[PDB]
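Asks: Experimental structure and sequence below, a few questions after.
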Amino acid sequence: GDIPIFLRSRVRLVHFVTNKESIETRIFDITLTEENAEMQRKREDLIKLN
Amino acid sequence: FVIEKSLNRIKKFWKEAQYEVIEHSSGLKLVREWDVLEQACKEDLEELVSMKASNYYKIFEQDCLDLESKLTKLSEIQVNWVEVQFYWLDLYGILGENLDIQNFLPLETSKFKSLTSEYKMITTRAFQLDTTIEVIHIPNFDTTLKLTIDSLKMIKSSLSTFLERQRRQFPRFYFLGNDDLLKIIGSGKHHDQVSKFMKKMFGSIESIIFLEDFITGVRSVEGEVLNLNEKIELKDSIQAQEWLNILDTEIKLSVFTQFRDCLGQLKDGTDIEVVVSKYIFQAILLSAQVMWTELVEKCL
Amino acid sequence: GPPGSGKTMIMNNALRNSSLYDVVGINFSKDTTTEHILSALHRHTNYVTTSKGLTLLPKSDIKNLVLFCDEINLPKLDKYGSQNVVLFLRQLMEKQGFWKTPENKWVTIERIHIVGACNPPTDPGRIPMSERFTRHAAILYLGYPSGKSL
Amino acid sequence: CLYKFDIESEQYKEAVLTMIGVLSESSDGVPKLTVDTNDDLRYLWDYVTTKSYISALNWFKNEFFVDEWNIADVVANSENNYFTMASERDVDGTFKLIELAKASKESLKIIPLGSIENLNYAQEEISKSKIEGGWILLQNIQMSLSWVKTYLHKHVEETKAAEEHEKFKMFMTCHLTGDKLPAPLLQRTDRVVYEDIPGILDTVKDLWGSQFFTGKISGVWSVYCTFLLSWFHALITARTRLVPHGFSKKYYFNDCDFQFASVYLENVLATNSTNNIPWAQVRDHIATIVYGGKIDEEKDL
Amino acid sequence: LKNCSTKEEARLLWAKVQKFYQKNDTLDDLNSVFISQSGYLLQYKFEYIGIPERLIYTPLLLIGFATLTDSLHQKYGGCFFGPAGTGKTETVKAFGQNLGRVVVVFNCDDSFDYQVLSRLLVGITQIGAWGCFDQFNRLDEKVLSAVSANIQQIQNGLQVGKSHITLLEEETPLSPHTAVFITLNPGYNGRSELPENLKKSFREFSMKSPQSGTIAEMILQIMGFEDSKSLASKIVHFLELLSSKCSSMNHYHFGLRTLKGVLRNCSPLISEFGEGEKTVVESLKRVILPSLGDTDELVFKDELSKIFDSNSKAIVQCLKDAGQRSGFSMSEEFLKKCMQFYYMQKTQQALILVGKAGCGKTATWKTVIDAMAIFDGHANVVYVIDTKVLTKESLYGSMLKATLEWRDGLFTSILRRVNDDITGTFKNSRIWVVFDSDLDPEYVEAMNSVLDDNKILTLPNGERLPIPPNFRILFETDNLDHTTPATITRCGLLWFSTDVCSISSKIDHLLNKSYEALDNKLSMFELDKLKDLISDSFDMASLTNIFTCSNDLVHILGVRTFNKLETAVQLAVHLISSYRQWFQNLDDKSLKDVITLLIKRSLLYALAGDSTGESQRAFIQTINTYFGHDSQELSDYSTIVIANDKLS
Amino acid sequence: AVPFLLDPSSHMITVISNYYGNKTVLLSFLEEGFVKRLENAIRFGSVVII
Ligand SMILES: Nc1ncnc2c1ncn2[C@@H]1O[C@H](COP(=O)(O)OP(=O)(O)NP(=O)(O)O)[C@@H](O)[C@H]1O
Ligand SMILES: Nc1ncnc2c1ncn2[C@@H]1O[C@H](COP(=O)(O)OP(=O)(O)NP(=O)(O)O)[C@@H](O)[C@H]1O
Ligand SMILES: Nc1ncnc2c1ncn2[C@@H]1O[C@H](COP(=O)(O)OP(=O)(O)NP(=O)(O)O)[C@@H](O)[C@H]1O
Ligand SMILES: [Mg+2]
């Protein structure tokens, strides 16, 4: 879908999508979650305990 | 005040509200332009519901809610008022006019008259009010319409059922369809108006031959004439659905007769040319076919 | 012709110049109706009933009335590819009359000429006009002056 | 290729690549031949050069080096209540799904969808079997398909609480060549393809088998004739797999054909004498009418 | 059977044909006649058939009878598929006839209501008739879905033996004698198939090779003339040639349906012609030719000669009268198209006339109409509607939203004048509604019921106006690309390949018109002198080269030469006649020079007036050079001037 | 400036909806009465998604 150039300039456009280009990222997450857990956990709570 | 500004304008709109009206041939005054107010009411209602979101709305909630309750009851009657009209109009052509058809349906008609008169009174008072919103204050308006639409639907249903039960007595009627069938049911006085339809329920046969008391035969779309053995006797008052069934059986019986007569002639060894003059096509054909088969059988 | 060719300048000039012809200005739009054209005429015209030609639609006086459709090729095409408003100009030109749409009765035009101006179908926004219309009008190309003229 | 080309050498790649290109009509040429460093590849080219194509193709599968997962292995191992198994019309997986059912946890329910009645009983027994837990099988779902869009599509979808119900599995038989099934409904279910293609002798045995269960409505000659027809069916049936060799197009010959062919035979047998002559008009009916009726191309006739 | 080698061969061949047997046993006579084929038996229902047009016996029709009898034996529906131009529906009909049944037929995608389809099906199951769905392959998703499901309810119930069945949310009883047949026409994708639900309840069979030859032989044989076999082969082979050699065209049908039209339209010509090939030749060029174009006409003629060799005076003298009256010249072509039309109008109720702008399509039907009025004495009422000017609402009519009141449109109102109330007499006259504009699927979809065999106009309120035979419909249009193939098969088609008229003839016609336009408001003294001046001032020999150089040139918004003529003549005439008053005292040389100047100018504008203005100048030189050298030369700015206060 | 959310499956539309609760008012550019129903949301402070 094509929006007017007028909208796209004025507007902050965000892609929530899985384009298959998201796979590289997502299999790493799974890989890391299942391989090195403690640094996936302490990847997540990095802001929490801080 | 973001609110009173809107509420005033809904009111200002509905005090000038007007249905356009043109009466049809006799009695009931119809309304043109339904969708306009059905929309505008739906739109203003939505504006009133969403108003409840406002933070300054709390104190004015009453003055809003009263308007909501009034418009909501207009909507209740609009939804009904339109279908009452639509159904009635559709039924008037079938019921209120033609005397013969309303004759065999004393009942659906007997109800239609009363509904009509009542719907006439209520509408006539309604358009005397010179405003549409005012309609909500008419005693037994909403009730009248709901009773009316329900009753009309009960008639429409009854009619549909009546016809479908009518076809099942002479299933060929399923080829006609409603309009023409009603013409047959009513014209069963005359018997001559049934002839038109004999292409549609048989297709082989075009029209039907009378001695004015009795039915002597039929004539096919080709122009062939099939004379029945037994002429079909008719009395001044007799249902079509009966003698039509007698006819349908007698044309088959008649074809069979011509078949055996002609075939027996050919068996006795008359020339085919002799026969060609004296019988209808179908009979002399099956004759030739059966006899042939027998001959080329022994010839084998 | 191209822009600045002088089409609108010269023809409005010619028709305003002579007393014998008066103009009815119309600017066709890619959305335009037959009913715009008719209403465009109704200020300068009057319907009459004449047993000779039945219903007639002449100008309100004696001298002739010329309808000028500027940007005449712009009106759009039906899904099936036909622009009715042009075919209507055609019906006027070939049959010298038209059906009055609501009442189903034949109208005959009197002392009304149809004339138009436009840019070549080659340009964007312009639509092809059928030879069934254009056969009835003489077509003149109009272009930039001799430049010595300029 | 995707894997090895990464792991293995450039001479490996160009060899496997040229060897594939030979299987295709892409190019024909001898691979860079390394000696015993790559054993398997010499094993592959050996398949390509001796013109045995099947084993050449499944070289990759056996060098892929896996255990393939049986229908049984998918069904049992998979956690989901919904399976659609498509197949060519040539074969149906009902008889297999029966045996897979008897083999584990019983509960075989075969629901044909013929009628309005078969459809009501379908959706009655669905709502019944999903509370009770039995296996429910909807045969050739494609024929009712306006039913699926309205009822089934939403009735699988709108429920994620179907897992909260007992151990219950709904099977849907599909056809690969046939009307497209709604993409969301399909993705919602575990998909499989039923490929199992009987031998000719097998098919003859199974046809011949289904017949003696009918008792005897016929004499001794009809049996001989039933025998022949089983053979004839098995052979035609087989020829359709051949595709351009044998039959020009894909033709499907169902049980409807076999029934009609045998019905004709019983008739021509009952109507005539015990002489062996009637065979003249037996061929022509089966060839031109019964079986060959379906056929538009004169070659195939 | 005679020529069979062996007694066994005879029995086989005997077994492939329908045999008609009669039980001498009992009462219940109507069940006493049955049919044996392939060793399967079928009883004869005695429904009255009349005298239908009976199909020629060919082995394909017999095999079709065999597959159908094979199916019904087990109470499966039979189904036919195969390309358009064989026959299927009509084969099922004859199959019904042979067993003494009238088959009811549903033509599909006829814009039919599902209600009427449902209802007919209910009738057929209760009655127990045989239904046939013509072109079942095309039906809408929801329509086909529902009809199909009902057909399985029926077919299933027949196999099972149910006394009553349930369908569509309607319950009905079921006659054991009910049956449903289906014919399927192919799309570009390949031969159509039954929806999955019915695939198991039917038996599919192919209709392939119609055996056009044997059909033609026997039909030619019942007209009983000359060489039935020879003419058959030559005619069939010839249509075959026509299909092979002539260009592929969307609307060309050389099939068995066209061949039958030839054999049947061959019959009337027999009276004033012989029964020889000559009649066959005449029938062919009457049926085939009108549709064919430039090349394809000469192909028809070339391949016609290669195979078989080769109201006239009255009508042609009336046409000549009609052309002579409107100012039209009678050519080979113009007369040709007129005659083609005249013979079309007798057969075809709706006619389609196709050709480029300025073809003379209008001139043709108007002239042929006018000449029939002369000839037949039947007066003609002509309504010319430019179609796409009006919306469907405006043309056919419409209904008010609320009050459900009907209002007639243009077409319906002028139809009502004809039927419901005739103050005068429309009885003895012919009416012609002419649609001048481009025809699109939508408008004919509305009136396709008119074009139909139903001959009734269908309005949304269900007013169902019948249509008399006095009522004839014309479509004159330039292109057929967007019309329905069905609209064409319903109408007759008259194609205009080239202009009906020679360029000089049109010029001559225009001049006549311009002269007669003057004849009303001017004296005969001036008219004679001037019309002599104009006509003899320019000759076709000069002009033809000019029109030819006009053809080599760049025309912005170009109109072909033939159509520019109207501008040419009318400009010239009016221009010359504008100055008529100064010709009394004018010298004899000077005028010819003046006439020539006024004509050169008008000929310039009418031809090159749409050119670049550089090209205008080049074309002026082309006009001076191709007319007389002595004749007054035209210049860019050249003009005639006359003095203010005095004549000069 | 106004966010423009893009997802092929719109789970994000129910994310915003879960965030603001009942407050969310969902409109479309293709629906008929949209123009007014926007005028309603905007005046009384509803959270809009188009
Ligand atoms: N002799 C002239 N006298 C006056 N103005 C002239 C003359 N020649 C050219 N022009 C100019 O030409 C222009 C006229 O453009 P005009 O033809 O009226 O628009 P147009 O015909 O509609 N072309 P287009 O824009 O494509 O529709 C003006 O700027 C005039 O000043
Ligand atoms: N054996 C035959 N004898 C005489 N006419 C035949 C025979 N077979 C076909 N025809 C004619 O061939 C034409 C084909 O028409 P029809 O039977 O309607 O074709 P269809 O396959 O049923 N539908 P369509 O192919 O689209 O026209 C008709 O004019 C038939 O009369
Ligand atoms: N036979 C003829 N002899 C001489 N002039 C003719 C002849 N036929 C037509 N004309 C002239 O050439 C013109 C051709 O136009 P017309 O007869 O209307 O055909 P047409 O195809 O209907 N034009 P159109 O409706 O735009 O497609 C006529 O208007 C006459 O002026
Ligand atoms: Mg014309």
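Replies: Received, thanks. Numbering: from 1, shown residues only, chains lettered A, B, ... in the order given. Ligands and ions are numbered 1, 2, ... in the order given.

Asks: quick one, phi/psi of the closest residue to residue B:209 other than its chain neighbours?
Replies: In this structure, residue B:209 finds its nearest non-sequential neighbour in residue B:217, 4.4 Å apart by Cβ to Cβ, 6 or more residues apart in numbering or on different chains. From N, CA and C alone the C-beta is placed, and that goes for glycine too. Residue B:217 adopts backbone torsions of phi 180, psi -160, taken as degrees, to the nearest 10.

Asks: if I pick residue B:217, what's in contact with it?
Replies: B:208, B:209, B:225, B:226, B:227, B:228, B:254 (Cβ atoms under 8 Å, 6 or more residues apart in numbering or on different chains).

Asks: how close does the last one sit to ligand 3?
Replies: In this case it means residue B:254. 56 Å (Cβ to the nearest ligand atom, to the nearest Å).

Asks: can you check residue C:148 too?
Replies: For residue C:148 relative to ligand 3 (Cβ to the nearest ligand atom), the value is 41 Å.

Asks: Share the number of residues neighbouring that residue, please.
Replies: By the criterion of other Cβ atoms under 10 Å in any protein chain shown, residue C:148 has 5 neighbours.

Asks: What of residue E:404?
Replies: Counted with other Cβ under 10 Å, residues neighbouring residue E:404 total 16.

Asks: try residue E:120
Replies: 19.

Asks: before we move on, what SS does it have?
Replies: Under DSSP: H, G, I helix; E, B strand; the rest coil, residue E:120 falls in the helix class.

Asks: is whichever residue of chain B sits closest to chain C in a bridge, and if so with what?
Replies: The nearest approach of chain B to chain C comes at residue B:32, 16.9 Å away (Cβ to the nearest Cβ). As for beta bridges, residue B:32 partners with residue B:20 under DSSP bridges.

Asks: surely it meets residue B:24?
Replies: No - using Cβ atoms under 8 Å, residue B:32 is not in contact with residue B:24; the gap is 11.4 Å.

Asks: overlap in contacts of the two?
Replies: residue E:403.

Asks: Point out the residues in the stretch 401-550 of chain E that sit beside ligand 1.
Replies: Within the stretch 401-550 of chain E, not a single residue sits near ligand 1 (Cβ under 6 Å from any ligand atom).

Asks: Tell me which stretches of the stretch 401-550 of chain E form strands.
Replies: Taking DSSP state E, counting those that start in this stretch as the criterion, the stretch 401-550 of chain E carries its strands at E:406-408, E:430-435, E:456-457, E:465-466, E:471-477, E:492-495.

Asks: Same list (the ones you listed) but as JSON lines, adding mean neighbour count.
Replies: Shown next, in JSON lines, are the strands of the stretch 401-550 of chain E (neighbours: other Cβ atoms under 10 Å in any protein chain shown):
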{"stretch": "strand E:406-408", "mean neighbour count": "15"}
{"stretch": "strand E:430-435", "mean neighbour count": "21"}
{"stretch": "strand E:456-457", "mean neighbour count": "18"}
{"stretch": "strand E:465-466", "mean neighbour count": "14"}
{"stretch": "strand E:471-477", "mean neighbour count": "22"}
{"stretch": "strand E:492-495", "mean neighbour count": "22"}
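
Asks: quick one, what contacts residue B:209?
Replies: Applying Cβ under 8 Å, 6+ apart, the residues near residue B:209 are B:215, B:216, B:217, B:218, B:219, B:225, B:227.

Asks: Turn the strands of the stretch 401-550 of chain E into CSV, including distance to ligand 3.
Replies: Formatted as CSV, these follow (distance: least, Cβ to the nearest ligand atom, whole Å):
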stretch, distance to ligand 3
strand E:406-408, 27
strand E:430-435, 10
strand E:456-457, 25
strand E:465-466, 28
strand E:471-477, 6
strand E:492-495, 11
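
Asks: nearest to residue D:160, of those strands?
Replies: Evaluated with Cβ to Cβ, those place strand E:406-408 nearest to residue D:160, the distance being 54.1 Å.

Asks: Tell me the residue of chain D that sits nearest ligand 3?
Replies: Per Cβ to the nearest ligand atom, residue D:296 is where chain D lies closest to ligand 3, at 43.8 Å.

Asks: Pick out the residue of chain B closest to chain D.
Replies: Closest point on chain B to chain D, by Cβ to the nearest Cβ, is residue B:300, at 14.4 Å.

Asks: So that residue sits against residue E:14, correct?
Replies: Yes - at 6.4 Å, residue B:300 counts as touching residue E:14 under the criterion of Cβ under 8 Å.

Asks: got the residue ranges for the strands in the stretch 1-150 of chain B?
Replies: Under DSSP E, counting those that start in this stretch, the stretch 1-150 of chain B gives strands at B:20-23, B:29-32.
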